[PDB]
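For reference, the chain that follows is the form deposited in one PDB entry, supplied as structure tokens.
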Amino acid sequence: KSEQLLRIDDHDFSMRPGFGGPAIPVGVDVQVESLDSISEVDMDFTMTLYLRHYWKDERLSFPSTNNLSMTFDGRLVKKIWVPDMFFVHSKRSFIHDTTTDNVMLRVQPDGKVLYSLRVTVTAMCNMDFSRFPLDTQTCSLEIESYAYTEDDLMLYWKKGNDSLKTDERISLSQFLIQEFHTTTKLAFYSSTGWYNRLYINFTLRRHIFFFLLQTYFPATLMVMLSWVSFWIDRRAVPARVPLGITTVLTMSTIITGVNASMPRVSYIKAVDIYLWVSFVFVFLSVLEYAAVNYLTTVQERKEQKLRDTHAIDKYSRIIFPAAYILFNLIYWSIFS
């Protein structure tokens, strides 16, 4: 029996290696296999990965006439001491078990141990949609020991920045992913002490042209369409009135349609500002012709009682586009 080569029954494996002295170093490597989903309303993401640990234990040494190592599956884990890592700020997670538990242990003649397992985790990521669709988000995944302070266990990246590998075809449907890297930082708990924490960081971006074409293009076209009425004969009331009112109706349908297709986040975003400013421009263009028609009617009635282009149209033909151009300059200087 291979488990008799390790004196299992001859040691207390409820205490750590080196108990009573300096802390035992434990080195970590990570391989990311995929990014599974993201939730914008609930603000979290899901990832699948391999986690590997390295440490030394002299109680595990066995004699050999060679330099061959022995390999075990997850049934040995409950018989020896292993590190207790957990994921900070996570909502749910599990270890894969088909067709059997996805756990491996390899033990060297001198007591060096490698511990490997496959896991899926869902973690939180606070997001800010104030600059949507031009926003940028940063997320992280964090790794920590549950019960051992830095005085008993010293956790570190085994090879620095070479300790993280990512799959060549990692991708998300609605985001672009860039800039993977690792960091470390000490954290403090008033109940027990100081602990080491490791981080995995990355950044997300959207596709800007899709949103430009889908939202900003039609609004601008409808605003430009509402200026056509300034060049139409003011005596054609049955053609001036329906045009303005239908233009309002079209802009309202566009805004409702856009609202139905964005994530349900209930506070004010940049695209909303653009859309409602354009709606106000369309409203003002109807008020203009109302004024013109009233004034013309008054003039005609006065002339008959006593017995060309109106100035408002001439000024509006210049003033409306200039003000829209100035709004656009300010908006795009502010939101980049």
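So that there is no doubt, residue numbering starts at 1 and follows the sequence shown. We call the rigid core whatever largest set of C-alpha positions still superposes within 1.5 Å between the two forms.
Unshown form deposited in another entry; subsequent notes refer to it.
A.B. asks: Among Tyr199, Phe202, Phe175, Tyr216, which is the residue that shifts its C-alpha 2 Å or more between this form and the one not shown, core superposed?
C.D. replies: Per the superposition, the moving residue is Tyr216.
A.B. asks: For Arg92, is the CA shift between this form and the one not shown at least 2 Å following rigid-core superposition?
C.D. replies: No; that C-alpha moves by less than 2 Å between this form and the one not shown.
A.B. asks: So that I can tell if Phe45 moves, could you say whether its C-alpha shifts by at least 2 Å between this form and the one not shown after the core superposition?
C.D. replies: Moves: no, less than 2 Å.
A.B. asks: Could you check whether the CA atom of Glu300 moves 2 Å or more between this form and the one not shown, using the rigid core for the fit?
C.D. replies: Yes, the C-alpha position differs by at least 2 Å between this form and the one not shown.
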